[PDB]
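> I'm passing along structure.cif; it holds mmCIF, C-alpha atoms and all ligand atoms.
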data_run
loop_
_atom_site.label_atom_id
_atom_site.label_comp_id
_atom_site.auth_asym_id
_atom_site.auth_seq_id
_atom_site.Cartn_x
_atom_site.Cartn_y
_atom_site.Cartn_z
CA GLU A 1 -22.43 -15.57 -54.54
CA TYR A 2 -21.72 -13.66 -51.40
CA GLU A 3 -25.20 -12.16 -51.35
CA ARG A 4 -26.82 -15.61 -51.64
CA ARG A 5 -24.66 -16.82 -48.75
CA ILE A 6 -26.16 -13.96 -46.66
CA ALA A 7 -29.71 -14.82 -47.78
CA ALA A 8 -29.19 -18.43 -46.67
CA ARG A 9 -28.27 -17.31 -43.13
CA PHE A 10 -31.26 -14.99 -43.01
CA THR A 11 -33.59 -17.80 -44.13
CA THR A 12 -32.28 -20.06 -41.36
CA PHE A 13 -33.43 -17.47 -38.78
CA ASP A 14 -36.62 -16.51 -40.66
CA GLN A 15 -38.24 -19.84 -39.91
CA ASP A 16 -41.75 -18.80 -41.03
CA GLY A 17 -40.41 -17.21 -44.24
CA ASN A 18 -42.22 -13.90 -43.87
CA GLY A 19 -39.17 -11.65 -44.45
CA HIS A 20 -38.41 -10.52 -40.94
CA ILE A 21 -37.10 -12.30 -37.85
CA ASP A 22 -39.38 -12.28 -34.74
CA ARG A 23 -39.23 -14.01 -31.38
CA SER A 24 -41.99 -16.21 -32.85
CA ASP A 25 -39.61 -17.58 -35.50
CA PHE A 26 -37.47 -18.93 -32.64
CA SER A 27 -40.33 -20.22 -30.49
CA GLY A 28 -41.82 -21.86 -33.61
CA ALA A 29 -38.47 -23.62 -34.19
CA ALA A 30 -38.46 -24.84 -30.60
CA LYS A 31 -42.08 -26.04 -30.99
CA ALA A 32 -41.24 -27.97 -34.17
CA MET A 33 -38.18 -29.66 -32.67
CA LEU A 34 -40.13 -30.71 -29.57
CA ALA A 35 -42.87 -32.12 -31.80
CA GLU A 36 -40.32 -34.07 -33.88
CA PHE A 37 -38.93 -35.79 -30.75
CA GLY A 38 -42.23 -36.08 -28.83
CA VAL A 39 -40.90 -34.00 -25.96
CA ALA A 40 -43.59 -32.06 -24.07
CA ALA A 41 -43.47 -28.28 -23.97
CA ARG A 42 -44.12 -28.35 -20.21
CA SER A 43 -41.35 -30.90 -19.47
CA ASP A 44 -37.98 -29.88 -18.03
CA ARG A 45 -36.32 -30.33 -21.45
CA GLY A 46 -39.16 -28.47 -23.23
CA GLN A 47 -38.88 -25.49 -20.89
CA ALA A 48 -35.09 -25.46 -21.32
CA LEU A 49 -35.46 -25.42 -25.12
CA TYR A 50 -37.89 -22.48 -25.13
CA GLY A 51 -35.68 -20.63 -22.65
CA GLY A 52 -32.61 -21.16 -24.81
CA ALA A 53 -34.46 -20.16 -27.98
CA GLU A 54 -35.64 -16.93 -26.32
CA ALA A 55 -32.07 -16.16 -25.21
CA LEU A 56 -30.79 -16.69 -28.76
CA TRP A 57 -33.47 -14.35 -30.07
CA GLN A 58 -32.33 -11.67 -27.58
CA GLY A 59 -28.74 -12.23 -28.68
CA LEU A 60 -29.61 -11.72 -32.32
CA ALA A 61 -31.97 -8.80 -31.68
CA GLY A 62 -29.18 -7.15 -29.60
CA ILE A 63 -26.89 -7.24 -32.64
CA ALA A 64 -29.36 -6.61 -35.48
CA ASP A 65 -32.57 -4.91 -34.30
CA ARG A 66 -31.31 -1.35 -34.60
CA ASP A 67 -34.71 0.45 -34.52
CA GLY A 68 -35.91 -1.49 -31.45
CA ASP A 69 -39.23 -2.68 -32.87
CA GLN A 70 -38.39 -6.35 -32.11
CA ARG A 71 -38.53 -7.36 -35.79
CA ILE A 72 -35.25 -7.86 -37.66
CA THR A 73 -35.74 -6.96 -41.31
CA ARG A 74 -33.77 -8.37 -44.24
CA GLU A 75 -32.16 -4.92 -44.50
CA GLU A 76 -31.18 -4.86 -40.80
CA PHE A 77 -29.65 -8.31 -41.15
CA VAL A 78 -27.77 -7.62 -44.43
CA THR A 79 -26.57 -4.05 -43.62
CA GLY A 80 -25.92 -4.62 -39.90
CA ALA A 81 -25.84 -8.19 -38.61
CA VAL A 82 -23.58 -9.87 -41.20
CA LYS A 83 -20.42 -7.86 -40.39
CA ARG A 84 -21.04 -7.95 -36.65
CA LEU A 85 -21.56 -11.74 -36.77
CA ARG A 86 -18.42 -12.18 -38.91
CA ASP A 87 -16.40 -9.98 -36.52
CA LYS A 88 -17.51 -11.68 -33.26
CA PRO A 89 -18.71 -15.26 -34.22
CA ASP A 90 -17.58 -17.05 -31.03
CA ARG A 91 -19.36 -14.52 -28.82
CA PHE A 92 -22.56 -14.98 -30.82
CA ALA A 93 -22.20 -18.78 -30.63
CA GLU A 94 -21.92 -18.44 -26.86
CA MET A 95 -25.30 -16.63 -26.82
CA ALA A 96 -26.63 -19.74 -28.63
CA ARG A 97 -25.04 -22.26 -26.30
CA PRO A 98 -28.09 -22.58 -23.97
CA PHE A 99 -30.29 -23.28 -26.99
CA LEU A 100 -27.80 -25.75 -28.47
CA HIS A 101 -27.30 -27.52 -25.14
CA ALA A 102 -31.07 -27.82 -24.70
CA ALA A 103 -31.46 -29.07 -28.27
CA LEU A 104 -28.94 -31.84 -27.62
CA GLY A 105 -31.00 -32.86 -24.57
CA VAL A 106 -34.14 -33.04 -26.68
CA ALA A 107 -32.46 -35.10 -29.40
CA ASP A 108 -30.93 -37.59 -26.90
CA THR A 109 -33.62 -40.25 -27.14
CA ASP A 110 -32.13 -42.88 -24.80
CA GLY A 111 -30.86 -40.48 -22.08
CA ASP A 112 -27.16 -41.36 -22.31
CA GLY A 113 -26.02 -37.78 -23.00
CA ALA A 114 -25.20 -38.50 -26.63
CA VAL A 115 -27.00 -37.76 -29.89
CA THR A 116 -26.74 -39.81 -33.10
CA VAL A 117 -26.02 -38.43 -36.57
CA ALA A 118 -29.51 -39.66 -37.63
CA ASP A 119 -31.18 -37.69 -34.83
CA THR A 120 -29.06 -34.64 -35.63
CA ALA A 121 -30.52 -34.82 -39.15
CA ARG A 122 -34.05 -34.90 -37.64
CA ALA A 123 -33.27 -31.78 -35.66
CA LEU A 124 -32.08 -29.99 -38.79
CA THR A 125 -35.28 -30.92 -40.66
CA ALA A 126 -37.34 -29.54 -37.76
CA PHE A 127 -35.42 -26.28 -38.42
CA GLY A 128 -36.42 -26.29 -42.09
CA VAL A 129 -33.51 -28.09 -43.74
CA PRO A 130 -34.64 -30.48 -46.53
CA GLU A 131 -34.17 -34.14 -45.58
CA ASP A 132 -31.34 -34.95 -48.05
CA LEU A 133 -29.38 -31.85 -47.15
CA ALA A 134 -29.96 -32.50 -43.44
CA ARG A 135 -28.39 -35.95 -43.73
CA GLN A 136 -25.35 -34.41 -45.43
CA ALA A 137 -24.99 -31.65 -42.82
CA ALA A 138 -25.52 -34.03 -39.88
CA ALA A 139 -22.76 -36.31 -41.19
CA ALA A 140 -20.36 -33.34 -41.55
CA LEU A 141 -20.97 -32.36 -37.93
CA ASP A 142 -19.48 -35.69 -36.75
CA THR A 143 -15.91 -34.46 -37.08
CA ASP A 144 -14.37 -37.36 -35.14
CA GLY A 145 -16.43 -40.05 -36.86
CA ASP A 146 -17.79 -41.87 -33.76
CA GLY A 147 -21.41 -41.57 -34.97
CA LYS A 148 -22.34 -39.11 -32.24
CA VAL A 149 -22.73 -35.36 -32.55
CA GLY A 150 -21.86 -33.39 -29.42
CA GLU A 151 -21.76 -29.88 -28.07
CA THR A 152 -18.04 -29.45 -28.88
CA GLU A 153 -18.93 -30.21 -32.51
CA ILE A 154 -22.10 -28.11 -32.88
CA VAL A 155 -21.11 -24.91 -31.11
CA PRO A 156 -18.09 -24.10 -33.33
CA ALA A 157 -20.05 -25.30 -36.42
CA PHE A 158 -22.80 -22.84 -35.49
CA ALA A 159 -20.15 -20.09 -35.06
CA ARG A 160 -18.69 -20.94 -38.50
CA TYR A 161 -22.05 -21.17 -40.32
CA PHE A 162 -23.00 -17.64 -39.14
CA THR A 163 -19.61 -16.33 -40.30
CA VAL A 164 -20.57 -15.47 -43.85
CA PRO A 165 -17.21 -15.51 -45.64
CA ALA A 166 -16.32 -12.55 -47.89
CA CA A 201 -40.30 -14.51 -39.70
CA CA A 202 -43.66 -10.45 -37.38
CA CA A 203 -42.28 -21.54 -19.58
CA CA A 204 -36.14 -3.70 -36.43
CA CA A 205 -28.45 -40.80 -26.68
CA CA A 206 -36.63 -35.65 -40.58
CA CA A 207 -38.31 -38.85 -46.09
CA CA A 208 -28.27 -36.26 -51.94
CA CA A 209 -18.67 -37.01 -33.01
CA CA A 210 -16.58 -37.95 -30.30
#
Step by step, read the file and then write its structure as structure tokens.
Ligand SMILES: [Ca+2]
Ligand SMILES: [Ca+2]
Ligand SMILES: [Ca+2]
Ligand SMILES: [Ca+2]
Ligand SMILES: [Ca+2]
Ligand SMILES: [Ca+2]
Ligand SMILES: [Ca+2]
Ligand SMILES: [Ca+2]
Ligand SMILES: [Ca+2]
Ligand SMILES: [Ca+2]

Amino acid sequence: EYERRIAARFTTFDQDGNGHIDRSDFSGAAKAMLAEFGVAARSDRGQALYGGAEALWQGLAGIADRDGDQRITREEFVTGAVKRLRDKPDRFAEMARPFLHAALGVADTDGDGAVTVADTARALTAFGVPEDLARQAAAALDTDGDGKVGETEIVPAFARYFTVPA
């Protein structure tokens, strides 16, 4: 189901489930990830995560919020955003790179610049992915099998996930 594929991508952005995407969906996601890792909002890494999340919101709103009211409806996403995301996925993933870079920093619990598969799964659950599925997705992100999930793995995976195939 092509339509269900679309709905899945919408749900990932609609973190609070209320049928439209707001800046608050993104800030709420940042809040939940910081809480999962015990990283303070006011810390350098906390500020970088909120900043990246806000930038991703602006990137999505720029593509999808066609009436300018700073809510992206299901209709706006389905009728507008899907094609545009499919047509320019790498450019969209670049708008997410500050968020994704900041998220890696949050999930690096020992400070060595690397993130485990297990901690990648924790991040995904903070973003609403059920625990079993999150383990499966985290594992799939480790494309070279060294047990670590890095930026060169997550940025193209993000680009691919938001390319809803026809
Ligand atoms: Ca919402
Ligand atoms: Ca709202
Ligand atoms: Ca701030
Ligand atoms: Ca709108
Ligand atoms: Ca680490
Ligand atoms: Ca978890
Ligand atoms: Ca559990
Ligand atoms: Ca399972
Ligand atoms: Ca890896
Ligand atoms: Ca590697």
> Let me make sure I understand: among A:130, A:28, A:156, A:80, which one has the smallest atom-to-atom distance to ligand CA 208 (chain A) if we use all atoms listed in the file?
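Closest residue, counting all atoms listed in the file: A:130.
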> Which residues of segment 3-97 of chain A have any atom within 12 Å of an atom in segment 134-151 of chain A when counting all atoms listed in the file, and what is the closest pair of atoms for each, with the distance in Å to one decimal? Order the rows by chain and rising number and write it as CSV.

residue,atom,partner,partner_atom,distance
A:93,CA,A:151,CA,11.4
A:94,CA,A:151,CA,11.5
A:96,CA,A:151,CA,11.3
A:97,CA,A:151,CA,8.5
> Taking only C-alpha atoms into account, name the residue in A:90, A:22, A:14, A:3 that is nearest to residue 157 of chain A.
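With only C-alpha atoms as the atom set, the closest residue is A:90.
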> Using only C-alpha atoms and all ligand atoms, find each residue with an atom at most 8 Å away from ligand CA 202 (chain A) and format the answer as number ranges by chain.
A: 18, 20-22, 24, 71
> Find, counting only C-alpha atoms, the residue in A:13, A:122, A:51, A:57 that gets nearest to residue 109 of chain A.
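Result for the nearest residue to residue 109 of chain A: A:122.
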